[PDB]
file model.json (JSON, C-alpha atoms and all ligand atoms)
[["chain", "number", "residue", "atom", "x", "y", "z"],
["A", 324, "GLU", "CA", 124.00, 94.94, 263.98],
["A", 325, "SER", "CA", 120.90, 93.10, 262.63],
["A", 326, "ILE", "CA", 117.53, 94.40, 264.01],
["A", 327, "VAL", "CA", 114.79, 92.02, 262.71],
["A", 328, "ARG", "CA", 111.36, 93.32, 263.88],
["A", 329, "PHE", "CA", 108.37, 90.98, 264.41],
["A", 330, "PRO", "CA", 104.97, 92.03, 265.91],
["A", 333, "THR", "CA", 103.59, 85.97, 269.55],
["A", 334, "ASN", "CA", 100.85, 83.37, 270.47],
["A", 335, "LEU", "CA", 101.16, 79.89, 268.74],
["A", 336, "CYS", "CA", 100.08, 78.52, 265.31],
["A", 337, "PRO", "CA", 98.02, 75.26, 265.45],
["A", 338, "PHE", "CA", 99.90, 73.35, 262.69],
["A", 339, "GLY", "CA", 99.65, 70.17, 264.80],
["A", 340, "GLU", "CA", 95.83, 70.12, 264.56],
["A", 341, "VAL", "CA", 95.99, 70.59, 260.73],
["A", 342, "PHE", "CA", 98.50, 67.79, 259.93],
["A", 343, "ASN", "CA", 97.12, 65.39, 262.60],
["A", 344, "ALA", "CA", 93.34, 65.76, 262.08],
["A", 345, "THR", "CA", 91.83, 62.22, 262.45],
["A", 346, "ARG", "CA", 89.69, 62.86, 259.31],
["A", 347, "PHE", "CA", 90.59, 64.85, 256.15],
["A", 348, "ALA", "CA", 88.02, 66.58, 253.87],
["A", 349, "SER", "CA", 87.44, 65.30, 250.27],
["A", 350, "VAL", "CA", 89.55, 66.94, 247.50],
["A", 351, "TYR", "CA", 86.45, 68.34, 245.67],
["A", 352, "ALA", "CA", 85.04, 69.94, 248.87],
["A", 353, "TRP", "CA", 87.59, 71.08, 251.52],
["A", 354, "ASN", "CA", 87.39, 73.48, 254.52],
["A", 355, "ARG", "CA", 89.89, 76.40, 254.50],
["A", 356, "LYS", "CA", 91.52, 76.95, 257.93],
["A", 357, "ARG", "CA", 92.91, 80.41, 258.84],
["A", 358, "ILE", "CA", 96.19, 80.39, 260.84],
["A", 359, "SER", "CA", 96.72, 83.97, 262.15],
["A", 360, "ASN", "CA", 97.58, 86.09, 265.26],
["A", 361, "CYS", "CA", 100.29, 83.49, 266.10],
["A", 362, "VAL", "CA", 104.01, 82.71, 265.47],
["A", 363, "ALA", "CA", 104.81, 79.75, 263.15],
["A", 364, "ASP", "CA", 108.08, 77.72, 263.13],
["A", 365, "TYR", "CA", 108.64, 75.63, 259.96],
["A", 366, "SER", "CA", 112.04, 74.27, 261.13],
["A", 367, "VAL", "CA", 110.32, 71.99, 263.73],
["A", 368, "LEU", "CA", 108.00, 70.57, 260.99],
["A", 369, "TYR", "CA", 111.06, 69.95, 258.74],
["A", 370, "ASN", "CA", 113.08, 68.45, 261.67],
["A", 371, "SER", "CA", 110.20, 66.06, 262.58],
["A", 372, "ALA", "CA", 109.98, 64.97, 258.90],
["A", 373, "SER", "CA", 106.58, 63.34, 259.64],
["A", 374, "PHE", "CA", 105.65, 64.01, 255.97],
["A", 375, "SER", "CA", 106.99, 61.30, 253.59],
["A", 376, "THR", "CA", 108.25, 64.09, 251.26],
["A", 377, "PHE", "CA", 108.70, 67.87, 251.81],
["A", 378, "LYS", "CA", 107.83, 69.94, 248.69],
["A", 379, "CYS", "CA", 107.99, 73.76, 248.25],
["A", 380, "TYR", "CA", 107.07, 75.11, 244.74],
["A", 381, "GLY", "CA", 106.97, 78.56, 246.16],
["A", 382, "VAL", "CA", 109.21, 78.83, 249.24],
["A", 383, "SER", "CA", 112.36, 77.19, 250.30],
["A", 384, "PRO", "CA", 111.72, 75.08, 253.48],
["A", 385, "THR", "CA", 115.02, 76.23, 255.10],
["A", 386, "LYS", "CA", 114.18, 79.89, 254.21],
["A", 387, "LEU", "CA", 110.53, 79.57, 255.43],
["A", 388, "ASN", "CA", 111.63, 80.75, 258.92],
["A", 389, "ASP", "CA", 113.51, 83.77, 257.43],
["A", 390, "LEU", "CA", 110.48, 84.75, 255.27],
["A", 391, "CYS", "CA", 107.36, 86.22, 256.98],
["A", 392, "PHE", "CA", 103.75, 85.43, 255.91],
["A", 393, "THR", "CA", 100.91, 87.47, 257.50],
["A", 394, "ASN", "CA", 98.22, 84.77, 256.96],
["A", 395, "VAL", "CA", 98.73, 80.97, 256.63],
["A", 396, "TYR", "CA", 95.85, 78.99, 255.01],
["A", 397, "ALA", "CA", 95.88, 75.16, 254.92],
["A", 398, "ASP", "CA", 93.98, 72.93, 252.43],
["A", 399, "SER", "CA", 93.36, 69.39, 253.80],
["A", 400, "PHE", "CA", 92.47, 66.61, 251.30],
["A", 401, "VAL", "CA", 93.25, 62.88, 250.68],
["A", 402, "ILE", "CA", 94.42, 61.82, 247.15],
["A", 403, "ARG", "CA", 96.47, 58.90, 245.70],
["A", 404, "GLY", "CA", 100.26, 59.39, 245.33],
["A", 405, "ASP", "CA", 99.91, 59.43, 241.51],
["A", 406, "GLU", "CA", 97.15, 62.10, 241.96],
["A", 407, "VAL", "CA", 99.59, 64.28, 244.03],
["A", 408, "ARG", "CA", 102.02, 64.15, 241.03],
["A", 409, "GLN", "CA", 99.21, 65.38, 238.68],
["A", 410, "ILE", "CA", 98.77, 68.74, 240.52],
["A", 411, "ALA", "CA", 101.88, 70.89, 239.83],
["A", 412, "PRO", "CA", 102.45, 74.52, 238.63],
["A", 413, "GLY", "CA", 102.70, 74.58, 234.80],
["A", 414, "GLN", "CA", 101.43, 70.95, 234.60],
["A", 415, "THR", "CA", 97.88, 69.83, 233.63],
["A", 416, "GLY", "CA", 96.49, 67.09, 235.94],
["A", 417, "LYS", "CA", 93.19, 65.17, 236.39],
["A", 418, "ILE", "CA", 93.01, 66.58, 239.97],
["A", 419, "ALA", "CA", 93.69, 70.09, 238.55],
["A", 420, "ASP", "CA", 90.99, 69.62, 235.84],
["A", 421, "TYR", "CA", 88.01, 68.92, 238.16],
["A", 422, "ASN", "CA", 88.12, 68.64, 242.01],
["A", 423, "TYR", "CA", 90.86, 71.22, 242.84],
["A", 424, "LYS", "CA", 92.98, 73.88, 241.04],
["A", 425, "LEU", "CA", 96.50, 75.22, 241.85],
["A", 426, "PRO", "CA", 97.61, 78.71, 240.62],
["B", 942, "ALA", "CA", 108.67, 130.47, 231.21],
["B", 943, "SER", "CA", 109.01, 128.84, 227.77],
["B", 944, "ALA", "CA", 112.04, 130.86, 226.61],
["B", 945, "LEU", "CA", 114.33, 128.58, 228.63],
["B", 946, "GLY", "CA", 112.77, 125.39, 227.28],
["B", 947, "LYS", "CA", 116.07, 124.41, 225.67],
["B", 948, "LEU", "CA", 117.71, 124.29, 229.09],
["B", 949, "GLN", "CA", 114.52, 123.04, 230.70],
["B", 950, "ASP", "CA", 114.34, 120.19, 228.20],
["B", 951, "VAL", "CA", 117.91, 119.11, 228.93],
["B", 952, "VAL", "CA", 117.34, 119.03, 232.68],
["B", 953, "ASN", "CA", 114.07, 117.15, 232.29],
["B", 954, "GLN", "CA", 115.37, 114.49, 229.92],
["B", 955, "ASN", "CA", 118.21, 113.78, 232.34],
["B", 956, "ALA", "CA", 115.86, 113.51, 235.31],
["B", 957, "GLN", "CA", 113.50, 111.69, 232.96],
["B", 958, "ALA", "CA", 115.73, 108.73, 232.12],
["B", 959, "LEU", "CA", 116.84, 108.50, 235.74],
["B", 960, "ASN", "CA", 113.22, 107.99, 236.79],
["B", 961, "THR", "CA", 112.83, 105.42, 234.03],
["B", 962, "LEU", "CA", 116.13, 103.83, 235.02],
["B", 963, "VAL", "CA", 114.91, 103.61, 238.61],
["B", 964, "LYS", "CA", 111.47, 102.28, 237.73],
["B", 965, "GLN", "CA", 113.21, 99.48, 235.85],
["B", 966, "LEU", "CA", 114.26, 98.15, 239.25],
["B", 967, "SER", "CA", 110.63, 97.34, 240.04],
["B", 968, "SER", "CA", 109.98, 95.34, 236.87],
["B", 969, "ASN", "CA", 109.82, 91.56, 236.95],
["B", 970, "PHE", "CA", 111.64, 91.04, 233.64],
["B", 971, "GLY", "CA", 110.13, 87.56, 233.72],
["B", 972, "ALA", "CA", 111.56, 86.82, 237.15],
["B", 973, "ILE", "CA", 109.18, 85.90, 239.96],
["B", 974, "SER", "CA", 109.65, 89.25, 241.72],
["B", 975, "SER", "CA", 111.52, 92.53, 241.43],
["B", 976, "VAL", "CA", 112.96, 92.36, 244.96],
["B", 977, "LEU", "CA", 116.33, 90.69, 244.62],
["B", 978, "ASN", "CA", 116.08, 89.16, 248.08],
["B", 979, "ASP", "CA", 112.62, 87.63, 247.65],
["B", 980, "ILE", "CA", 113.92, 85.37, 244.89],
["B", 981, "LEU", "CA", 116.63, 84.39, 247.34],
["B", 982, "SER", "CA", 114.27, 84.02, 250.40],
["B", 983, "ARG", "CA", 111.41, 82.23, 248.45],
["B", 984, "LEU", "CA", 113.50, 79.81, 246.26],
["B", 985, "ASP", "CA", 116.45, 77.46, 246.91],
["B", 986, "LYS", "CA", 119.43, 79.04, 245.11],
["B", 987, "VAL", "CA", 119.96, 76.41, 242.38],
["B", 988, "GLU", "CA", 116.75, 77.48, 240.70],
["B", 989, "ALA", "CA", 116.96, 81.07, 241.94],
["B", 990, "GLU", "CA", 120.12, 81.37, 239.85],
["B", 991, "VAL", "CA", 118.09, 81.21, 236.65],
["B", 992, "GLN", "CA", 115.60, 83.70, 238.06],
["B", 993, "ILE", "CA", 118.20, 86.30, 239.01],
["B", 994, "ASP", "CA", 119.52, 86.07, 235.46],
["B", 995, "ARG", "CA", 116.26, 87.46, 234.14],
["B", 996, "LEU", "CA", 116.65, 90.28, 236.65],
["B", 997, "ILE", "CA", 120.31, 90.83, 235.83],
["B", 998, "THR", "CA", 119.92, 90.36, 232.09],
["B", 999, "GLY", "CA", 116.98, 92.71, 232.29],
["B", 1000, "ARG", "CA", 118.61, 95.29, 234.52],
["B", 1001, "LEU", "CA", 122.09, 94.99, 233.03],
["B", 1002, "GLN", "CA", 120.52, 95.57, 229.64],
["B", 1003, "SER", "CA", 118.48, 98.41, 231.11],
["B", 1004, "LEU", "CA", 121.71, 100.18, 232.02],
["B", 1005, "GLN", "CA", 123.15, 99.89, 228.53],
["B", 1006, "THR", "CA", 119.94, 101.46, 227.30],
["B", 1007, "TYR", "CA", 120.39, 104.33, 229.75],
["B", 1008, "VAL", "CA", 124.12, 104.60, 229.12],
["B", 1009, "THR", "CA", 123.70, 104.61, 225.36],
["B", 1010, "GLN", "CA", 121.09, 107.34, 225.68],
["B", 1011, "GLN", "CA", 123.45, 109.49, 227.72],
["B", 1012, "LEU", "CA", 126.27, 108.97, 225.23],
["B", 1013, "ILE", "CA", 124.02, 109.98, 222.36],
["B", 1014, "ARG", "CA", 122.49, 112.83, 224.31],
["B", 1015, "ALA", "CA", 125.88, 114.06, 225.49],
["B", 1016, "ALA", "CA", 127.10, 114.00, 221.90],
["B", 1017, "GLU", "CA", 124.33, 116.48, 221.16],
["B", 1018, "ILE", "CA", 125.35, 118.71, 224.06],
["B", 1019, "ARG", "CA", 128.95, 118.28, 222.95],
["B", 1020, "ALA", "CA", 127.83, 119.71, 219.63],
["B", 1021, "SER", "CA", 125.84, 122.48, 221.29],
["B", 1022, "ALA", "CA", 128.79, 123.28, 223.56],
["B", 1023, "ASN", "CA", 131.02, 123.95, 220.56],
["B", 1024, "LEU", "CA", 128.32, 126.18, 219.12],
["B", 1025, "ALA", "CA", 128.52, 128.20, 222.32],
["B", 1026, "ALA", "CA", 132.31, 128.15, 222.44],
["B", 1027, "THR", "CA", 132.18, 129.27, 218.83],
["B", 1028, "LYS", "CA", 129.80, 132.12, 219.60],
["B", 1029, "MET", "CA", 131.61, 132.99, 222.82],
["B", 1030, "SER", "CA", 134.85, 133.27, 220.87],
["B", 1031, "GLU", "CA", 133.56, 134.87, 217.69],
["B", 1032, "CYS", "CA", 130.46, 136.73, 218.82],
["B", 1033, "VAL", "CA", 131.31, 137.90, 222.35],
["B", 1034, "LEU", "CA", 135.08, 138.18, 222.10],
["B", 1035, "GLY", "CA", 135.14, 139.42, 218.52],
["B", 1036, "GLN", "CA", 132.56, 140.84, 216.15],
["B", 1037, "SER", "CA", 130.91, 138.35, 213.84],
["B", 1038, "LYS", "CA", 130.63, 138.86, 210.10],
["B", 1039, "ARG", "CA", 128.60, 135.66, 209.75],
["B", 1040, "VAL", "CA", 125.06, 136.63, 208.84],
["B", 1041, "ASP", "CA", 122.51, 135.47, 211.42],
["B", 1042, "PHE", "CA", 125.04, 133.41, 213.30],
["B", 1043, "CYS", "CA", 124.73, 135.81, 216.24],
["B", 1044, "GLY", "CA", 121.03, 136.31, 215.63],
["C", 942, "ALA", "CA", 122.09, 109.85, 188.87],
["C", 943, "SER", "CA", 125.00, 109.66, 191.33],
["C", 944, "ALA", "CA", 125.12, 113.37, 192.19],
["C", 945, "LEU", "CA", 122.21, 112.91, 194.61],
["C", 946, "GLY", "CA", 123.77, 109.89, 196.30],
["C", 947, "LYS", "CA", 123.95, 111.78, 199.59],
["C", 948, "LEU", "CA", 120.17, 112.09, 199.63],
["C", 949, "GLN", "CA", 119.76, 108.71, 197.98],
["C", 950, "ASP", "CA", 121.90, 107.11, 200.67],
["C", 951, "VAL", "CA", 119.81, 108.62, 203.47],
["C", 952, "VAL", "CA", 116.54, 107.40, 201.97],
["C", 953, "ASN", "CA", 117.96, 103.93, 201.34],
["C", 954, "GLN", "CA", 119.45, 103.45, 204.80],
["C", 955, "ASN", "CA", 116.10, 104.37, 206.34],
["C", 956, "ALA", "CA", 114.20, 101.97, 204.10],
["C", 957, "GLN", "CA", 117.09, 99.56, 204.63],
["C", 958, "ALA", "CA", 116.80, 99.18, 208.40],
["C", 959, "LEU", "CA", 113.02, 99.02, 208.12],
["C", 960, "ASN", "CA", 113.34, 95.99, 205.85],
["C", 961, "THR", "CA", 115.83, 94.49, 208.30],
["C", 962, "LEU", "CA", 113.56, 95.40, 211.19],
["C", 963, "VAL", "CA", 110.67, 93.67, 209.44],
["C", 964, "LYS", "CA", 112.64, 90.58, 208.48],
["C", 965, "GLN", "CA", 113.50, 90.19, 212.16],
["C", 966, "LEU", "CA", 109.85, 89.26, 212.68],
["C", 967, "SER", "CA", 110.40, 86.06, 210.70],
["C", 968, "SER", "CA", 113.41, 84.87, 212.72],
["C", 969, "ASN", "CA", 113.08, 82.08, 215.26],
["C", 970, "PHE", "CA", 115.42, 83.65, 217.83],
["C", 971, "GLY", "CA", 115.61, 80.17, 219.31],
["C", 972, "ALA", "CA", 111.85, 79.89, 219.64],
["C", 973, "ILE", "CA", 110.05, 77.05, 217.89],
["C", 974, "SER", "CA", 108.53, 79.36, 215.27],
["C", 975, "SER", "CA", 108.38, 82.99, 214.23],
["C", 976, "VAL", "CA", 104.57, 83.11, 214.13],
["C", 977, "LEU", "CA", 103.50, 84.31, 217.55],
["C", 978, "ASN", "CA", 100.26, 82.34, 217.37],
["C", 979, "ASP", "CA", 101.81, 79.00, 216.41],
["C", 980, "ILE", "CA", 103.70, 78.87, 219.70],
["C", 981, "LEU", "CA", 100.34, 79.51, 221.33],
["C", 982, "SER", "CA", 98.55, 77.03, 219.08],
["C", 983, "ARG", "CA", 100.87, 74.05, 219.38],
["C", 984, "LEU", "CA", 102.02, 74.30, 222.97],
["C", 985, "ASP", "CA", 100.22, 74.61, 226.25],
["C", 986, "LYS", "CA", 100.91, 78.12, 227.58],
["C", 987, "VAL", "CA", 103.02, 77.20, 230.65],
["C", 988, "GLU", "CA", 105.86, 76.12, 228.39],
["C", 989, "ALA", "CA", 104.93, 78.53, 225.60],
["C", 990, "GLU", "CA", 105.71, 81.33, 228.05],
["C", 991, "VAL", "CA", 109.41, 80.50, 227.90],
["C", 992, "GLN", "CA", 109.25, 80.26, 224.11],
["C", 993, "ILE", "CA", 107.62, 83.66, 223.62],
["C", 994, "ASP", "CA", 110.40, 85.14, 225.75],
["C", 995, "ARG", "CA", 112.94, 84.17, 223.12],
["C", 996, "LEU", "CA", 110.72, 85.89, 220.58],
["C", 997, "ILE", "CA", 110.16, 88.94, 222.76],
["C", 998, "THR", "CA", 113.73, 89.12, 224.04],
["C", 999, "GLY", "CA", 114.83, 88.74, 220.45],
["C", 1000, "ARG", "CA", 112.37, 91.19, 218.95],
["C", 1001, "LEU", "CA", 112.44, 93.66, 221.84],
["C", 1002, "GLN", "CA", 116.20, 93.71, 221.51],
["C", 1003, "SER", "CA", 115.85, 94.01, 217.75],
["C", 1004, "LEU", "CA", 113.95, 97.26, 218.25],
["C", 1005, "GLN", "CA", 116.62, 98.77, 220.48],
["C", 1006, "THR", "CA", 119.08, 97.95, 217.73],
["C", 1007, "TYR", "CA", 116.89, 99.75, 215.22],
["C", 1008, "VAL", "CA", 116.11, 102.61, 217.58],
["C", 1009, "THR", "CA", 119.75, 103.12, 218.50],
["C", 1010, "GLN", "CA", 120.65, 103.19, 214.82],
["C", 1011, "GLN", "CA", 118.07, 105.88, 214.15],
["C", 1012, "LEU", "CA", 119.28, 107.96, 217.09],
["C", 1013, "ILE", "CA", 122.86, 107.73, 215.87],
["C", 1014, "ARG", "CA", 121.86, 108.29, 212.26],
["C", 1015, "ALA", "CA", 119.61, 111.22, 213.16],
["C", 1016, "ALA", "CA", 122.47, 112.76, 215.12],
["C", 1017, "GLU", "CA", 124.39, 112.76, 211.85],
["C", 1018, "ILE", "CA", 121.52, 114.42, 210.00],
["C", 1019, "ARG", "CA", 121.17, 116.80, 212.93],
["C", 1020, "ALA", "CA", 124.79, 117.73, 212.27],
["C", 1021, "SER", "CA", 124.21, 117.98, 208.53],
["C", 1022, "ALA", "CA", 121.10, 120.08, 209.10],
["C", 1023, "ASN", "CA", 123.10, 122.69, 211.00],
["C", 1024, "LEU", "CA", 125.61, 122.72, 208.17],
["C", 1025, "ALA", "CA", 122.75, 123.61, 205.85],
["C", 1026, "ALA", "CA", 121.24, 126.13, 208.25],
["C", 1027, "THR", "CA", 124.72, 127.59, 208.52],
["C", 1028, "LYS", "CA", 125.13, 127.80, 204.76],
["C", 1029, "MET", "CA", 121.55, 128.98, 204.27],
["C", 1030, "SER", "CA", 122.18, 131.78, 206.73],
["C", 1031, "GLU", "CA", 125.72, 132.70, 205.80],
["C", 1032, "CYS", "CA", 125.99, 131.66, 202.17],
["C", 1033, "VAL", "CA", 122.51, 132.32, 200.75],
["C", 1034, "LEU", "CA", 121.36, 135.13, 203.03],
["C", 1035, "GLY", "CA", 124.75, 136.79, 203.32],
["C", 1036, "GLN", "CA", 128.02, 136.53, 201.44],
["C", 1037, "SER", "CA", 130.56, 134.14, 202.89],
["C", 1038, "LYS", "CA", 134.17, 135.09, 203.54],
["C", 1039, "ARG", "CA", 134.98, 131.53, 204.63],
["C", 1040, "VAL", "CA", 137.21, 130.00, 201.99],
["C", 1041, "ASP", "CA", 135.68, 126.91, 200.38],
["C", 1042, "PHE", "CA", 132.82, 126.79, 202.84],
["C", 1043, "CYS", "CA", 130.43, 127.65, 200.01],
["C", 1044, "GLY", "CA", 132.40, 125.61, 197.51],
["A", 1101, "LIG", "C1", 101.86, 65.58, 263.83],
["A", 1101, "LIG", "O1", 102.28, 64.28, 264.25],
["A", 1101, "LIG", "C2", 103.66, 63.99, 264.07],
["A", 1101, "LIG", "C3", 103.95, 62.57, 264.56],
["A", 1101, "LIG", "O2", 103.53, 62.45, 265.92],
["A", 1101, "LIG", "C4", 104.50, 65.00, 264.84],
["A", 1101, "LIG", "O3", 105.89, 64.75, 264.61],
["A", 1101, "LIG", "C5", 104.15, 66.42, 264.43],
["A", 1101, "LIG", "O4", 104.92, 67.28, 265.27],
["A", 1101, "LIG", "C6", 102.64, 66.65, 264.60],
["A", 1101, "LIG", "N1", 102.20, 67.94, 264.09],
["A", 1101, "LIG", "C7", 102.85, 69.09, 264.22],
["A", 1101, "LIG", "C8", 103.24, 69.75, 262.93],
["A", 1101, "LIG", "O5", 103.11, 69.59, 265.30]]
call {"tool": "encode", "arguments": {"input": "model.json", "output": "structure tokens"}}
result
Amino acid sequence: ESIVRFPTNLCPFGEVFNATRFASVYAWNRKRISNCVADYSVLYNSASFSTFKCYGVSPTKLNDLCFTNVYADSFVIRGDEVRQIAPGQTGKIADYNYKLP
Amino acid sequence: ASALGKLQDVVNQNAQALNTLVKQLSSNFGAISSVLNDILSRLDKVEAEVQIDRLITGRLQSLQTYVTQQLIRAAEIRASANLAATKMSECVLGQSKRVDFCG
Amino acid sequence: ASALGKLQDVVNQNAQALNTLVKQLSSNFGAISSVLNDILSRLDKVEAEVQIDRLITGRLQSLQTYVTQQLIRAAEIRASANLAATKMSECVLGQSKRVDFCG
């Protein structure tokens, strides 16, 4: 049999993605999501985001994978600016206001 | 304890390469991680295919390294075994006329 | 000058593979150039990573080829050395009763 072991509470993703105001890209406030259980299937099912992108994880496998701490960066940039920031790609956003490892 | 080094060296080198062969499991080999499942649980398969190659190509090579070592090393033992079987036959079972073959 | 070919062959084959091993540095192995810095000079690293793999994978393999050759070749010498040490002990130090072992 399969015996997956997890340590529940609730993760406040709704506050992060539905904050009336978003911080500027150059200066942003890190938010710590911890001591809670997070479901990524509901976020994918809602599909509120115009596009779902995962450089690291797969969105379907996000539920299977476990992450001890979830940190969210909230910023507003143009759609072309979103394209500039990518792993292995140099972008104007990457050069000054924000950097992605 | 150094008289038996010849034996002791054989046993070590065997256990040596095994350790090395094991530690090769934990190497990235250019892949994103050394845990075969993480590449599967942190990457949609179509890309993860290319990743697992670098693991497989790395590991699969790393066996041929180990295997080739054993073949070569066994071929030494195979030579040493005949030396024994020669002594055992000539020296023990008979009396050797070969100067300094028996010591 | 051909009587010493046995020795002369050993020395050559050693210097042979070394030349080959060196010349492998100048091969592209699918990478854009054989100079490790040029790949770093021309290209931004994120892509140059994949390039240097083809150099490393190529070169790193090219060592194991050379190393494996030496192991195999040494195992021959290791066999020839015992033949000497056998002759030196039996033939020189003693007198050999083995027909045509000493010539
Ligand atoms: C954010 O708002 C959208 C639209 O109302 C909703 O579908 C989503 O569930 C909200 N946030 C989360 C991730 O709960």
call {"tool": "interface_residues", "arguments": {"input": "model.json", "of": "chain C", "to": "chain B", "cutoff": "10 Å", "atoms": "all atoms listed in the file", "output": "short mmCIF file (atom, residue, chain, number, x, y, z; two decimals) with C-alpha atoms, in the coordinates of the input"}}
result
data_model
loop_
_atom_site.label_atom_id
_atom_site.label_comp_id
_atom_site.auth_asym_id
_atom_site.auth_seq_id
_atom_site.Cartn_x
_atom_site.Cartn_y
_atom_site.Cartn_z
CA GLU C 990 105.71 81.33 228.05
CA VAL C 991 109.41 80.50 227.90
CA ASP C 994 110.40 85.14 225.75
CA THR C 998 113.73 89.12 224.04
CA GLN C 1002 116.20 93.71 221.51
CA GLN C 1005 116.62 98.77 220.48
CA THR C 1009 119.75 103.12 218.50
CA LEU C 1012 119.28 107.96 217.09
CA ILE C 1013 122.86 107.73 215.87
CA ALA C 1016 122.47 112.76 215.12
CA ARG C 1019 121.17 116.80 212.93
CA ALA C 1020 124.79 117.73 212.27
CA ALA C 1026 121.24 126.13 208.25
CA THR C 1027 124.72 127.59 208.52
CA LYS C 1028 125.13 127.80 204.76
CA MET C 1029 121.55 128.98 204.27
CA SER C 1030 122.18 131.78 206.73
CA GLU C 1031 125.72 132.70 205.80
CA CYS C 1032 125.99 131.66 202.17
CA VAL C 1033 122.51 132.32 200.75
CA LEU C 1034 121.36 135.13 203.03
CA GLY C 1035 124.75 136.79 203.32
CA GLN C 1036 128.02 136.53 201.44
CA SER C 1037 130.56 134.14 202.89
CA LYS C 1038 134.17 135.09 203.54
CA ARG C 1039 134.98 131.53 204.63
#
call {"tool": "closest_residue", "arguments": {"input": "model.json", "among": "A:407, A:395, A:401, A:387", "to": "chain B", "atoms": "only C-alpha atoms"}}
result
A:387
call {"tool": "closest_residue", "arguments": {"input": "model.json", "among": "C:985, C:957, C:943, C:963", "to": "chain A", "atoms": "all atoms listed in the file"}}
result
C:985
call {"tool": "closest_atom_pairs", "arguments": {"input": "model.json", "of": "chain A", "to": "chain B", "cutoff": "10 Å", "atoms": "all atoms listed in the file", "output": "JSON lines"}}
result
{"residue": "A:379", "atom": "CA", "partner": "B:984", "partner_atom": "CA", "distance": 8.4}
{"residue": "A:380", "atom": "CA", "partner": "B:984", "partner_atom": "CA", "distance": 8.1}
{"residue": "A:381", "atom": "CA", "partner": "B:983", "partner_atom": "CA", "distance": 6.2}
{"residue": "A:382", "atom": "CA", "partner": "B:983", "partner_atom": "CA", "distance": 4.1}
{"residue": "A:383", "atom": "CA", "partner": "B:984", "partner_atom": "CA", "distance": 4.9}
{"residue": "A:384", "atom": "CA", "partner": "B:985", "partner_atom": "CA", "distance": 8.4}
{"residue": "A:385", "atom": "CA", "partner": "B:985", "partner_atom": "CA", "distance": 8.4}
{"residue": "A:386", "atom": "CA", "partner": "B:982", "partner_atom": "CA", "distance": 5.6}
{"residue": "A:387", "atom": "CA", "partner": "B:983", "partner_atom": "CA", "distance": 7.5}
{"residue": "A:388", "atom": "CA", "partner": "B:982", "partner_atom": "CA", "distance": 9.5}
{"residue": "A:389", "atom": "CA", "partner": "B:982", "partner_atom": "CA", "distance": 7.1}
{"residue": "A:390", "atom": "CA", "partner": "B:982", "partner_atom": "CA", "distance": 6.2}
{"residue": "A:391", "atom": "CA", "partner": "B:982", "partner_atom": "CA", "distance": 9.8}
call {"tool": "atom_distance", "arguments": {"input": "model.json", "atom1": "CA of residue 410 in chain A", "atom2": "CA of residue 989 in chain C"}}
result
18.9 Å
call {"tool": "residues_around", "arguments": {"input": "model.json", "residues": "residue 399 in chain A", "least_positions_apart": "2", "cutoff": "9 Å", "atoms": "all atoms listed in the file", "output": "list in words"}}
result
residues 341, 342, 347, 348, 349, 350, 353, 354, 355, 356, 397 and 401 of chain A
call {"tool": "residues_near_ligand", "arguments": {"input": "model.json", "ligand": "ligand LIG 1101 (chain A)", "cutoff": "6 Å", "atoms": "all atoms listed in the file", "output": "ChimeraX atom specification"}}
result
/A:338-339,342-343,368,371,373
call {"tool": "atom_distance", "arguments": {"input": "model.json", "atom1": "CA of residue 325 in chain A", "atom2": "CA of residue 978 in chain B"}}
result
15.8 Å
call {"tool": "atom_distance", "arguments": {"input": "model.json", "atom1": "CA of residue 418 in chain A", "atom2": "CA of residue 406 in chain A"}}
result
6.4 Å
